[PDB]
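*Asks:* Structure below; questions to follow.
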Amino acid sequence: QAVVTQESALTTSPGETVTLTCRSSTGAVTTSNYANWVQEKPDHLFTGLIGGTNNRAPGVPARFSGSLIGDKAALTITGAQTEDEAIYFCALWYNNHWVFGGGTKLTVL
Amino acid sequence: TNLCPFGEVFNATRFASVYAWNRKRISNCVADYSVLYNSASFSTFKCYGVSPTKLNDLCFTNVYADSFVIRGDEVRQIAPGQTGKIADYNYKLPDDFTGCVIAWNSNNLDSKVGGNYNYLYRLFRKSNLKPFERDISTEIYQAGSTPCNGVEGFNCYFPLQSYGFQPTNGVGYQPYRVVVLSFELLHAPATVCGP
Amino acid sequence: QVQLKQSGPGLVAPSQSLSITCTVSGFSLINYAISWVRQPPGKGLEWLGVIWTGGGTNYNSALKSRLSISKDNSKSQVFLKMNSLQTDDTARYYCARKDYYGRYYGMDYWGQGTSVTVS
Ligand SMILES: *[C@@H]1O[C@H](CO)[C@@H](O)[C@H](O)[C@H]1NC(C)=O
């Protein structure tokens, strides 16, 4: 009971917001499955964006914001082209283990 | 009659953590309270049941010297009748306490660059402590309705937390060593007096 | 400042066991948990396991139980050990910090990554 899937294709022109949805194999994601968003720099650098489905990491700009806006977990961002070219992965806490999605490639403009 | 071993208590190299505070009994020696009071390093010297100047003449049965390192802001909770994390879960002083509380800043010993994280305190407890209780157990807490059953899940916190002592933290967050002297002034054969 | 370091030349020969180390500054191992994830070249990352704040582990289900994670609170170090390696395991491995006491219930900070390649 481990399969988690993402679209893996995205493009937002500067200033325009997009939503990427990560969905589980247990139906709509529960609050118990805490949602995580991580950011991939093109030089193999990682950082954590969102945890607990609502909490921003310390030191991440307030421009980043997410929640369970749809029944499946999703994340949104206002368009800042220079620093938002990144790959993003969703993680869900099953009680037994953490599962990571394939990840979505963001290609702004 | 030999001098009392205050030097060991107040000049010990490494102090104990809050939750496992060490108790040193003192008995059968000539106490010298003048020395300690006259020194200026002690930031907070508070005697509750007695007056600090009287101490040179009183004769007690025996006295306990406790020691631990706590954060600067939490020093107040070491007193009869207050609450907080330290009072409720770590070190409770009984009401009608009779003794002296001594504290001083130690930022030049217990804080090192990169932080010192070896001083631990108990954070989650089922119930408050009885006076002078010393619960050293590390039973897995349970803040969730589900039974934890010894597995540290997301609501099965370990009940100890380590202070973060940066070399440049604020005065509120710097580590203050604390020594509590408790005089149980019964009329059993007096063992500790002042010259 | 909170910081994660992990180091090792890495390269392995088949059927032996090599271990990687994670060294931490700016946070105490009693206040946080450490999770390890594994990244084969060009694929999606999979989560290996976590060492909780005061000992006690979880592991990826189908992942071999013949591996263990361990730590030293005194020196602020964490070690991942696998006892037998297979050529699909060639990957970059990352240390990660999980802050489940307070606000941010996920992997708060991440390491710099170490290449581990067999043959
Ligand atoms: C502790 O060390 C200080 C350092 O000068 C010294 O003056 C004192 O006599 C020692 N003993 C006590 C009990 O303070």
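Residue numbering restarts at 1 for every chain of the structure tokens, chains are lettered A, B, ... in their displayed order, and ligands are numbered from 1 as they appear.
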What residues of the protein or nucleic acid chains come within 7 Å of ligand 1 when you use only C-alpha atoms and all ligand atoms? Reply as a PDB file with N, CA and C atoms, in the first residue's frame.
*Replies:*
```pdb
ATOM      1  N   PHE B   6      32.635  22.639  51.276  1.00  0.00           N
ATOM      2  CA  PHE B   6      31.923  23.528  50.368  1.00  0.00           C
ATOM      3  C   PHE B   6      32.690  23.732  49.073  1.00  0.00           C
ATOM      4  N   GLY B   7      34.022  23.707  49.138  1.00  0.00           N
ATOM      5  CA  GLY B   7      34.817  23.938  47.944  1.00  0.00           C
ATOM      6  C   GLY B   7      34.518  22.932  46.853  1.00  0.00           C
ATOM      7  N   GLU B   8      34.353  21.666  47.231  1.00  0.00           N
ATOM      8  CA  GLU B   8      33.988  20.654  46.251  1.00  0.00           C
ATOM      9  C   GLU B   8      32.637  20.963  45.624  1.00  0.00           C
ATOM     10  N   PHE B  10      30.914  23.850  45.336  1.00  0.00           N
ATOM     11  CA  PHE B  10      30.812  25.065  44.537  1.00  0.00           C
ATOM     12  C   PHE B  10      31.854  25.171  43.436  1.00  0.00           C
ATOM     13  N   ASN B  11      32.937  24.401  43.502  1.00  0.00           N
ATOM     14  CA  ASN B  11      33.973  24.460  42.479  1.00  0.00           C
ATOM     15  C   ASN B  11      34.113  23.145  41.728  1.00  0.00           C
ATOM     16  N   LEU B  36      31.184  32.168  51.487  1.00  0.00           N
ATOM     17  CA  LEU B  36      30.343  32.133  50.297  1.00  0.00           C
ATOM     18  C   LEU B  36      29.604  33.448  50.100  1.00  0.00           C
TER      19      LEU B  36
END
```
*Asks:* If we count only C-alpha atoms and set the cut-off at 6 Å, which residues sit around range 165-168 of chain B, ignoring sequence neighbours fewer than 6 positions away in its own chain? Please answer as a VMD selection string.
*Replies:* chain B and resid 111 to 113 115 to 116
*Asks:* Taking into account only C-alpha atoms, which residue in the set A:85, A:32, A:50, A:74 is nearest to residue 155 in chain B?
*Replies:*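 For residue 155 in chain B, the nearest of the candidates is A:32.
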*Asks:* Just the number, please: distance in Å from CA of residue 108 in chain A to CA of residue 17 in chain A, one decimal.
*Replies:*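 Value for the CA of residue 108 in chain A-CA of residue 17 in chain A distance: 10.4 Å.
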*Asks:* Quick one: contact table of chain A to chain B, 12 Å max, nearest atom pair and distance in Å to one decimal per residue, counting only C-alpha atoms, chain and number order, as a tab-separated table?
*Replies:*
```
residue	atom	partner	partner_atom	distance
A:32	CA	B:154	CA	9.9
A:33	CA	B:154	CA	11.1
A:34	CA	B:154	CA	10.4
A:52	CA	B:154	CA	11.2
A:93	CA	B:154	CA	9.9
A:94	CA	B:154	CA	11.2
A:95	CA	B:153	CA	8.3
A:96	CA	B:153	CA	9.6
A:97	CA	B:153	CA	10.7
```
*Asks:* DSSP on the backbone, then: every residue of chain A marked strand (DSSP E or B), written as a VMD selection string.
*Replies:* chain A and resid 5 to 6 10 18 to 23 35 to 41 45 to 51 55 to 56 64 to 67 73 to 77 87 to 93 98 to 100 104 to 106
*Asks:* Output as a ChimeraX atom specification the set of chain C residues within 9 Å of chain A, with distances taken over only C-alpha atoms.
*Replies:* /C:43-50,58-61,103-113
*Asks:* Quick one: everything within 12 Å of range 3-19 of chain C, counting only C-alpha atoms, minus sequence neighbours fewer than 3 positions away in the same chain. Send it as a ChimeraX atom specification.
*Replies:* /A:46-47 /B:114 /C:22-28,34,36,66-70,76-97,108-119
*Asks:* Could you name the residues that touch residue 106 in chain A at 12 Å or less, counting only C-alpha atoms, but leaving out those on the same chain fewer than 3 positions away, as a ChimeraX atom specification?
*Replies:* /A:7-13,17-20,39-42,76-77,79-81,83-89,103,109
*Asks:* Residues within 12 Å of residue 74 in chain B, please, as a PDB file with N, CA, C and O atoms, in the first residue's frame. Count only C-alpha atoms; anything in the same chain fewer than 5 positions from it doesn't count.
*Replies:*
```pdb
ATOM      1  N   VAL B  18      19.599  18.636  35.008  1.00  0.00           N
ATOM      2  CA  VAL B  18      18.492  19.050  35.861  1.00  0.00           C
ATOM      3  C   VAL B  18      17.757  17.838  36.409  1.00  0.00           C
ATOM      4  O   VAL B  18      17.497  17.744  37.611  1.00  0.00           O
ATOM      5  N   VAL B  69      22.440  22.534  36.366  1.00  0.00           N
ATOM      6  CA  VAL B  69      22.575  23.659  35.451  1.00  0.00           C
ATOM      7  C   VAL B  69      21.241  23.875  34.761  1.00  0.00           C
ATOM      8  O   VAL B  69      20.728  22.966  34.102  1.00  0.00           O
ATOM      9  N   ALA B  79      12.006  27.852  43.752  1.00  0.00           N
ATOM     10  CA  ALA B  79      11.510  28.572  44.916  1.00  0.00           C
ATOM     11  C   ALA B  79      10.224  27.892  45.375  1.00  0.00           C
ATOM     12  O   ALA B  79       9.570  27.210  44.585  1.00  0.00           O
ATOM     13  N   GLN B  82       6.057  27.993  43.290  1.00  0.00           N
ATOM     14  CA  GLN B  82       5.937  28.373  41.891  1.00  0.00           C
ATOM     15  C   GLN B  82       5.891  27.141  41.001  1.00  0.00           C
ATOM     16  O   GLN B  82       6.116  26.010  41.441  1.00  0.00           O
ATOM     17  N   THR B  83       5.590  27.380  39.728  1.00  0.00           N
ATOM     18  CA  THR B  83       5.378  26.321  38.755  1.00  0.00           C
ATOM     19  C   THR B  83       6.152  26.633  37.482  1.00  0.00           C
ATOM     20  O   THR B  83       6.814  27.667  37.362  1.00  0.00           O
ATOM     21  N   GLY B  84       6.052  25.727  36.529  1.00  0.00           N
ATOM     22  CA  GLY B  84       6.799  25.768  35.295  1.00  0.00           C
ATOM     23  C   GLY B  84       7.216  24.369  34.924  1.00  0.00           C
ATOM     24  O   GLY B  84       6.761  23.391  35.511  1.00  0.00           O
ATOM     25  N   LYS B  85       8.092  24.261  33.930  1.00  0.00           N
ATOM     26  CA  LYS B  85       8.592  22.941  33.573  1.00  0.00           C
ATOM     27  C   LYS B  85       9.509  22.400  34.662  1.00  0.00           C
ATOM     28  O   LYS B  85       9.395  21.234  35.058  1.00  0.00           O
ATOM     29  N   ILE B  86      10.397  23.247  35.182  1.00  0.00           N
ATOM     30  CA  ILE B  86      11.377  22.815  36.171  1.00  0.00           C
ATOM     31  C   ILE B  86      10.706  22.425  37.475  1.00  0.00           C
ATOM     32  O   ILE B  86      11.049  21.406  38.084  1.00  0.00           O
ATOM     33  N   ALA B  87       9.751  23.226  37.935  1.00  0.00           N
ATOM     34  CA  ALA B  87       9.109  22.925  39.206  1.00  0.00           C
ATOM     35  C   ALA B  87       8.237  21.687  39.090  1.00  0.00           C
ATOM     36  O   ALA B  87       8.293  20.792  39.940  1.00  0.00           O
ATOM     37  N   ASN B  90      10.801  18.564  37.120  1.00  0.00           N
ATOM     38  CA  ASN B  90      12.221  18.319  37.329  1.00  0.00           C
ATOM     39  C   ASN B  90      12.640  18.375  38.786  1.00  0.00           C
ATOM     40  O   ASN B  90      13.235  17.417  39.287  1.00  0.00           O
ATOM     41  N   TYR B  91      12.347  19.466  39.488  1.00  0.00           N
ATOM     42  CA  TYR B  91      12.900  19.661  40.825  1.00  0.00           C
ATOM     43  C   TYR B  91      11.947  20.562  41.601  1.00  0.00           C
ATOM     44  O   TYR B  91      11.925  21.777  41.386  1.00  0.00           O
ATOM     45  N   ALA B 103      22.765  30.882  42.927  1.00  0.00           N
ATOM     46  CA  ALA B 103      22.886  30.723  41.487  1.00  0.00           C
ATOM     47  C   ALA B 103      23.873  31.740  40.941  1.00  0.00           C
ATOM     48  O   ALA B 103      23.981  32.854  41.454  1.00  0.00           O
ATOM     49  N   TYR B 121      16.869  18.136  30.385  1.00  0.00           N
ATOM     50  CA  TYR B 121      15.794  18.346  31.340  1.00  0.00           C
ATOM     51  C   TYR B 121      14.570  17.563  30.905  1.00  0.00           C
ATOM     52  O   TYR B 121      14.362  17.315  29.718  1.00  0.00           O
ATOM     53  N   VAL B 171      21.301  36.764  27.725  1.00  0.00           N
ATOM     54  CA  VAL B 171      21.481  36.510  29.150  1.00  0.00           C
ATOM     55  C   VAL B 171      20.368  35.620  29.672  1.00  0.00           C
ATOM     56  O   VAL B 171      20.588  34.784  30.555  1.00  0.00           O
ATOM     57  N   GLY B 172      19.163  35.773  29.130  1.00  0.00           N
ATOM     58  CA  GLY B 172      18.071  34.903  29.524  1.00  0.00           C
ATOM     59  C   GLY B 172      18.354  33.439  29.252  1.00  0.00           C
ATOM     60  O   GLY B 172      17.959  32.568  30.028  1.00  0.00           O
ATOM     61  N   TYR B 173      19.037  33.146  28.147  1.00  0.00           N
ATOM     62  CA  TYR B 173      19.300  31.774  27.740  1.00  0.00           C
ATOM     63  C   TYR B 173      20.715  31.322  28.071  1.00  0.00           C
ATOM     64  O   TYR B 173      21.182  30.323  27.519  1.00  0.00           O
ATOM     65  N   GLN B 174      21.381  32.011  28.903  1.00  0.00           N
ATOM     66  CA  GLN B 174      22.681  31.442  29.208  1.00  0.00           C
ATOM     67  C   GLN B 174      22.579  30.502  30.404  1.00  0.00           C
ATOM     68  O   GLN B 174      21.677  30.641  31.234  1.00  0.00           O
ATOM     69  N   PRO B 175      23.477  29.525  30.514  1.00  0.00           N
ATOM     70  CA  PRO B 175      23.359  28.534  31.589  1.00  0.00           C
ATOM     71  C   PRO B 175      23.805  29.110  32.924  1.00  0.00           C
ATOM     72  O   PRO B 175      24.917  29.624  33.053  1.00  0.00           O
ATOM     73  N   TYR B 176      22.935  29.006  33.921  1.00  0.00           N
ATOM     74  CA  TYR B 176      23.254  29.391  35.289  1.00  0.00           C
ATOM     75  C   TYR B 176      23.347  28.134  36.135  1.00  0.00           C
ATOM     76  O   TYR B 176      22.379  27.375  36.224  1.00  0.00           O
ATOM     77  N   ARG B 177      24.496  27.920  36.762  1.00  0.00           N
ATOM     78  CA  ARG B 177      24.596  26.863  37.753  1.00  0.00           C
ATOM     79  C   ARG B 177      23.806  27.247  38.994  1.00  0.00           C
ATOM     80  O   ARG B 177      23.700  28.421  39.346  1.00  0.00           O
ATOM     81  N   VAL B 178      23.230  26.249  39.650  1.00  0.00           N
ATOM     82  CA  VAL B 178      22.412  26.468  40.835  1.00  0.00           C
ATOM     83  C   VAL B 178      22.861  25.516  41.927  1.00  0.00           C
ATOM     84  O   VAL B 178      23.079  24.329  41.668  1.00  0.00           O
TER      85      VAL B 178
END
```
*Asks:* Could you list the residues in chain C lying within 9 Å of chain B, using only C-alpha atoms, and format the result as an MDAnalysis selection string?
*Replies:* chainID C and resid 1 25:31 52:57 73:74 100:101 105
*Asks:* To one decimal in Å, tell me the separation between CA of residue 1 in chain A and CA of residue 24 in chain A.
*Replies:*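 Separating CA of residue 1 in chain A from CA of residue 24 in chain A is a distance of 9.0 Å.
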*Asks:* Using CA of residue 193 in chain B and CA of residue 92 in chain B as the two end points, give the distance in Å to one decimal.
*Replies:*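 Taking CA of residue 193 in chain B and CA of residue 92 in chain B, their separation equals 27.1 Å.
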*Asks:* Which one is closest to residue 98 in chain C: C:37, C:63, C:32, C:75? Count only C-alpha atoms.
*Replies:*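 Of C:37, C:63, C:32, C:75, the one nearest residue 98 in chain C, counting only C-alpha atoms, is C:32.
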*Asks:* Could you name the residues that touch residue 195 in chain B at 12 Å or less, counting only C-alpha atoms, but leaving out those on the same chain fewer than 5 positions away, as a PyMOL selection string?
*Replies:* chain B and resi 1-4+29-34+55-59
*Asks:* Keeping only N, CA and C atoms, write those residues as a compact mmCIF listing (two decimals), in the first residue's frame.
*Replies:*
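Result file follows (result-v1.txt):
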```
# COMPACT_ATOMS: atom_id res chain seq x y z
N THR B 1 38.00 19.79 64.60
CA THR B 1 36.83 19.81 63.73
C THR B 1 37.17 20.41 62.37
N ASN B 2 37.15 19.56 61.34
CA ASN B 2 37.58 19.95 60.01
C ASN B 2 36.57 20.88 59.34
N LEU B 3 37.05 21.61 58.34
CA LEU B 3 36.19 22.50 57.57
C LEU B 3 35.24 21.70 56.70
N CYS B 4 34.07 22.28 56.44
CA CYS B 4 33.07 21.62 55.61
C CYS B 4 33.50 21.64 54.14
N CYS B 29 31.15 18.83 60.49
CA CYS B 29 32.22 19.75 60.14
C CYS B 29 31.82 21.14 60.61
N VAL B 30 32.77 22.07 60.55
CA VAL B 30 32.54 23.45 60.93
C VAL B 30 32.25 24.26 59.67
N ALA B 31 31.00 24.66 59.51
CA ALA B 31 30.61 25.39 58.32
C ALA B 31 31.12 26.82 58.36
N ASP B 32 31.41 27.36 57.18
CA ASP B 32 31.86 28.74 57.02
C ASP B 32 31.00 29.44 55.96
N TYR B 33 29.84 29.92 56.40
CA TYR B 33 28.92 30.56 55.48
C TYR B 33 29.38 31.95 55.08
N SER B 34 30.22 32.58 55.89
CA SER B 34 30.70 33.92 55.58
C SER B 34 31.44 33.95 54.26
N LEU B 55 23.34 32.93 59.62
CA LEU B 55 23.85 31.58 59.36
C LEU B 55 25.12 31.26 60.12
N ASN B 56 25.94 32.26 60.43
CA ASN B 56 27.22 31.98 61.07
C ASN B 56 27.08 31.41 62.47
N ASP B 57 25.90 31.47 63.07
CA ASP B 57 25.73 31.04 64.45
C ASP B 57 24.80 29.85 64.62
N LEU B 58 23.90 29.61 63.69
CA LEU B 58 22.95 28.51 63.82
C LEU B 58 23.66 27.16 63.74
N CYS B 59 23.11 26.18 64.44
CA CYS B 59 23.61 24.81 64.41
C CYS B 59 22.51 23.88 63.92
```
*Asks:* From a backbone DSSP assignment, name each residue in chain B labelled helix (DSSP H, G or I), as a compact mmCIF listing (two decimals) with N, CA, C and O atoms, in the first residue's frame.
*Replies:*
```
# COMPACT_ATOMS: atom_id res chain seq x y z
N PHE B 6 32.64 22.64 51.28
CA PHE B 6 31.92 23.53 50.37
C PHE B 6 32.69 23.73 49.07
O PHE B 6 32.08 23.95 48.02
N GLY B 7 34.02 23.71 49.14
CA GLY B 7 34.82 23.94 47.94
C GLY B 7 34.52 22.93 46.85
O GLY B 7 34.43 23.29 45.67
N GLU B 8 34.35 21.67 47.23
CA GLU B 8 33.99 20.65 46.25
C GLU B 8 32.64 20.96 45.62
O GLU B 8 32.47 20.85 44.41
N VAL B 9 31.66 21.34 46.44
CA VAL B 9 30.31 21.56 45.92
C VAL B 9 30.28 22.74 44.97
O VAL B 9 29.67 22.67 43.89
N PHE B 10 30.91 23.85 45.34
CA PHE B 10 30.81 25.07 44.54
C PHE B 10 31.85 25.17 43.44
O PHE B 10 31.68 25.98 42.52
N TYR B 33 29.84 29.92 56.40
CA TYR B 33 28.92 30.56 55.48
C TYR B 33 29.38 31.95 55.08
O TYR B 33 28.96 32.45 54.04
N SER B 34 30.22 32.58 55.89
CA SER B 34 30.70 33.92 55.58
C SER B 34 31.44 33.95 54.26
O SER B 34 31.27 34.88 53.46
N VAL B 35 32.30 32.95 54.02
CA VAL B 35 33.09 32.91 52.80
C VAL B 35 32.19 33.03 51.58
O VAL B 35 32.39 33.90 50.72
N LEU B 36 31.18 32.17 51.49
CA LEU B 36 30.34 32.13 50.30
C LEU B 36 29.60 33.45 50.10
O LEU B 36 29.58 34.00 48.99
N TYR B 37 29.00 33.97 51.16
CA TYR B 37 28.21 35.19 51.02
C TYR B 37 29.09 36.37 50.64
O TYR B 37 28.70 37.20 49.81
N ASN B 38 30.29 36.45 51.21
CA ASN B 38 31.15 37.61 50.95
C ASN B 38 31.58 37.69 49.49
O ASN B 38 31.78 38.79 48.97
N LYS B 54 22.44 35.54 59.86
CA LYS B 54 22.30 34.66 61.02
C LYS B 54 23.08 33.36 60.86
O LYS B 54 23.44 32.75 61.87
N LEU B 55 23.34 32.93 59.62
CA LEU B 55 23.85 31.58 59.36
C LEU B 55 25.12 31.26 60.12
O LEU B 55 25.38 30.09 60.43
N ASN B 56 25.94 32.26 60.43
CA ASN B 56 27.22 31.98 61.07
C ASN B 56 27.08 31.41 62.47
O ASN B 56 28.06 30.89 63.00
N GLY B 72 18.90 30.61 32.29
CA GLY B 72 18.82 31.81 33.11
C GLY B 72 17.40 32.24 33.43
O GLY B 72 17.11 32.66 34.55
N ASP B 73 16.51 32.15 32.46
CA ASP B 73 15.14 32.61 32.66
C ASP B 73 14.38 31.76 33.67
O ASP B 73 13.44 32.26 34.31
N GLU B 74 14.75 30.50 33.84
CA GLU B 74 13.98 29.59 34.68
C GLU B 74 14.43 29.58 36.13
O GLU B 74 13.94 28.76 36.91
N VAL B 75 15.36 30.46 36.52
CA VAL B 75 15.87 30.44 37.89
C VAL B 75 14.76 30.71 38.89
O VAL B 75 14.79 30.20 40.01
N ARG B 76 13.78 31.53 38.51
CA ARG B 76 12.72 31.89 39.45
C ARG B 76 11.97 30.66 39.93
O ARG B 76 11.61 30.57 41.11
N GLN B 77 11.71 29.71 39.03
CA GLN B 77 10.93 28.53 39.40
C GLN B 77 11.57 27.72 40.52
O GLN B 77 10.90 26.86 41.10
N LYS B 85 8.09 24.26 33.93
CA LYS B 85 8.59 22.94 33.57
C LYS B 85 9.51 22.40 34.66
O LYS B 85 9.40 21.23 35.06
N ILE B 86 10.40 23.25 35.18
CA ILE B 86 11.38 22.81 36.17
C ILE B 86 10.71 22.42 37.47
O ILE B 86 11.05 21.41 38.08
N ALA B 87 9.75 23.23 37.93
CA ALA B 87 9.11 22.93 39.21
C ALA B 87 8.24 21.69 39.09
O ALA B 87 8.29 20.79 39.94
N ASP B 88 7.42 21.62 38.04
CA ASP B 88 6.47 20.53 37.94
C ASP B 88 7.16 19.20 37.65
O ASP B 88 6.87 18.19 38.30
N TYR B 89 8.09 19.18 36.70
CA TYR B 89 8.61 17.91 36.21
C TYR B 89 10.05 17.61 36.60
O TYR B 89 10.48 16.47 36.41
N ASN B 90 10.80 18.56 37.12
CA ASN B 90 12.22 18.32 37.33
C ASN B 90 12.64 18.38 38.79
O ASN B 90 13.24 17.42 39.29
N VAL B 171 21.30 36.76 27.73
CA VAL B 171 21.48 36.51 29.15
C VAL B 171 20.37 35.62 29.67
O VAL B 171 20.59 34.78 30.55
N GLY B 172 19.16 35.77 29.13
CA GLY B 172 18.07 34.90 29.52
C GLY B 172 18.35 33.44 29.25
O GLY B 172 17.96 32.57 30.03
N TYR B 173 19.04 33.15 28.15
CA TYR B 173 19.30 31.77 27.74
C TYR B 173 20.71 31.32 28.07
O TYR B 173 21.18 30.32 27.52
```
*Asks:* Neighbours of residue 188 in chain B within 12 Å (only C-alpha atoms; same-chain residues fewer than 4 positions away dropped), as a PyMOL selection string?
*Replies:* chain B and resi 59-62+184+192
*Asks:* Write the residues you've just listed into a file as a short mmCIF file (atom, residue, chain, number, x, y, z; two decimals), in the first residue's frame, and include N, CA, C and O atoms for each of them.
*Replies:*
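What ended up in result07.cif:
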```
data_model
loop_
_atom_site.label_atom_id
_atom_site.label_comp_id
_atom_site.auth_asym_id
_atom_site.auth_seq_id
_atom_site.Cartn_x
_atom_site.Cartn_y
_atom_site.Cartn_z
N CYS B 59 23.11 26.18 64.44
CA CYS B 59 23.61 24.81 64.41
C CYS B 59 22.51 23.88 63.92
O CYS B 59 21.41 23.88 64.48
N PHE B 60 22.82 23.09 62.90
CA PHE B 60 21.83 22.24 62.25
C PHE B 60 22.16 20.77 62.46
O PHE B 60 23.25 20.40 62.92
N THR B 61 21.20 19.93 62.08
CA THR B 61 21.39 18.48 62.13
C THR B 61 22.28 18.01 60.99
O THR B 61 23.36 17.46 61.21
N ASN B 62 21.83 18.22 59.75
CA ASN B 62 22.65 18.02 58.57
C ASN B 62 22.02 18.79 57.42
O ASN B 62 20.84 19.16 57.47
N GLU B 184 17.81 21.15 57.47
CA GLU B 184 16.71 20.56 58.23
C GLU B 184 17.04 20.75 59.70
O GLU B 184 17.78 19.97 60.30
N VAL B 192 26.60 20.39 62.46
CA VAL B 192 27.22 21.43 61.65
C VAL B 192 26.96 22.77 62.33
O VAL B 192 25.80 23.15 62.53
#
```
